[PDB]
Amino acid sequence: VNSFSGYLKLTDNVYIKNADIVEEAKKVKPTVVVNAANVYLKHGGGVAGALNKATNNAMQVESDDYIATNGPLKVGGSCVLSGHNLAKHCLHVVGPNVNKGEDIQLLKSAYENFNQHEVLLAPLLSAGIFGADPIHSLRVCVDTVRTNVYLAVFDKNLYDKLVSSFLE
Ligand SMILES: CC(C)[C@H](Nc1ncnc2[nH]cc(C(=O)NC3CC3)c12)c1ccc2c(c1)S(=O)(=O)CCC2
């Protein structure tokens, strides 16, 4: 139903909340939930692990069948698969992992995938153990995405830092 609540409005199309993306998906029932995926769709840790465990491993089983016949994605690319019990669809987006040496310029391409969907629930791409500067990831989101994006950031200190930095 795309019924989002409790978000701060940063721009006319970008919203942010201190929340777990899994709990937001259960409450909102969005048309699209974004996963911060890797190229072979191995959802072991972080955001991808939280989403997969909330589907009771259905997301990993579907992702393994997709990779067996289609092979890996590219950095900056995306794949629409089922959203299972969390959303109508899951948009698996691969942002660059700068801690593993990948190019930060590809973060723009990663966010450009969001423009194919009118409204999305999403994490902050390439943050956490992917190592991108989170303030820079928020700036790329704001400058690239034109559709309605609801960012769930599950860390109060990081949320407060992002909001303070944006309001400078
Ligand atoms: C910056 C984080 C606060 C954020 N995490 C989250 N953000 C929003 N809903 C979440 N639910 C569980 C989370 C989660 O990370 N759960 C683990 C047990 C810690 C979580 C996040 C944002 C983007 C990325 C990652 C992590 S990652 O997985 O480290 C690498 C991929 C990019």
Side-chain angles (χ1 to χ4, degrees), residues 2-39 41-55 59-60 73 75-78 83 86-87 90-115 117 119-168:
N2 299 314
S3 67
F4 295 93
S5 72
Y7 283 79
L8 287 206
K9 182 174 173 178
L10 299 184
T11 73
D12 283 354
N13 66 299
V14 180
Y15 298 84
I16 191 168
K17 189 178 180 181
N18 169 203
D20 176 356
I21 195 174
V22 170
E23 294 302 317
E24 288 297 301
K26 291 190 204 164
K27 176 183 282 136
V28 175
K29 308 166 77 168
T31 301
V32 179
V33 65
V34 173
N35 179 30
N38 52 39
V39 298
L41 306 179
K42 307 304 193 188
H43 310 307
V47 165
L51 290 165
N52 178 56
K53 285 199 175 316
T55 73
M59 180 182 288
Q60 190 64 66
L73 288 183
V75 176
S78 72
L86 299 177
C90 177
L91 177 72
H92 295 273
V93 177
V94 184
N97 181 333
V98 310
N99 282 338
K100 289 175 78 173
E102 306 177 343
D103 188 358
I104 191 59
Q105 281 181 297
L106 291 173
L107 183 62
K108 181 181 157 32
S109 180
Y111 275 113
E112 184 60 47
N113 294 287
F114 287 29
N115 286 326
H117 299 277
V119 55
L120 315 91
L121 168 62
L124 190 66
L125 299 184
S126 292
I129 204 172
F130 276 30
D133 183 327
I135 296 175
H136 176 64
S137 184
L138 179 58
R139 293 186 185 139
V140 178
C141 183
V142 164
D143 292 346
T144 303
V145 183
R146 302 177 309 263
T147 55
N148 291 322
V149 54
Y150 291 84
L151 296 168
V153 177
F154 190 33
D155 184 282
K156 183 188 191 299
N157 285 333
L158 178 58
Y159 166 88
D160 288 338
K161 177 179 178 101
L162 290 168
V163 166
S164 174
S165 167
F166 197 76
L167 302 176
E168 290 175 357

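All values below come from the heavy atoms of this structure, side chains included, with hydrogens, waters and symmetry mates left out. Residues take their numbers from the sequence shown, with the count starting at 1.
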>> With rounding to the nearest 0.5 angstrom, report the OH to CD1 distance, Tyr159 to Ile16.
In response: 6.5 Å

> Pairs in or reaching into residues 131-149: which pass side chain to side chain donor-acceptor pair (under 3.5 Å), with residues at least two apart or in two chains?
Replying inline: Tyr111-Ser137

> With a 4.5 Å heavy-atom cut-off, do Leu162 and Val153 have their side chains touching?
Replying inline: yes

> Stepwise, does the side-chain contact (heavy atoms from CB on, under 4.5 Å) test hold for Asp160 with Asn18?
Replying inline: CA-CA 8 Å; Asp160 288 338; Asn18 169 203; over 6 Å; no

> Under the salt bridge (charged side-chain N to carboxylate O under 4.0 Å, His left out) test, which residues partner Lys26, sequence neighbours left out?
Replying inline: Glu23

> Is a donor on one side and an acceptor on the other found under 3.5 Å between the side chain of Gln60 and the backbone of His43?
Replying inline: yes

> Is a donor on one side and an acceptor on the other found under 3.5 Å between the side chain of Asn113 and the backbone of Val93?
Replying inline: no

> When you measure from the side chain of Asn2 to the backbone N and O of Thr31, does any donor-acceptor pair fall under 3.5 Å?
Replying inline: yes

> Between the side chain of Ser126 and the main-chain N/O of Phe130, is any donor-acceptor distance below 3.5 Å?
Replying inline: no

> NE2 of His117 to OG of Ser78: how many Å apart, nearest 0.5 Å?
Replying inline: 6.5 Å

> What do the steps show when you test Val34 against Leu121 for side-chain contact (heavy atoms from CB on, under 4.5 Å), and what is the final call?
Replying inline: CA-CA 6 Å; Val34 173; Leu121 168 62; over 6 Å; no

>> Going by the rule side-chain contact (heavy atoms from CB on, under 4.5 Å), which residues pair with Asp155 if we only count those two or more places apart in sequence or in a different chain?
In response: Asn157, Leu158

>> With a 3.5 Å distance limit and no angle check, can you tell me whether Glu102 reaches the backbone of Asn97 through a side-chain donor-acceptor pair?
In response: yes

> Would you call the rings of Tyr150 and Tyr15 parallel, tilted or perpendicular, where under 30° means parallel and over 60° means perpendicular?
Replying inline: parallel

> Under 4.5 Å between any side-chain heavy atoms of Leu120 and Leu91, yes or no?
Replying inline: yes

>> Quick check against the 3.5 Å criterion: does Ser164 have a side-chain atom that pairs as donor or acceptor with the backbone of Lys161?
In response: no

> About how many Å separate CG of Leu151 and CG of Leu138, when rounded to the nearest 0.5 Å?
Replying inline: 6.5 Å

> Got a second to check how far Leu106's CG is from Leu125's CG, nearest 0.5 Å?
Replying inline: 12.5 Å

> For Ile129, does the CD1 atom sit with more than 12 other heavy atoms under 6.0 Å from it, leaving out its own atoms?
Replying inline: no

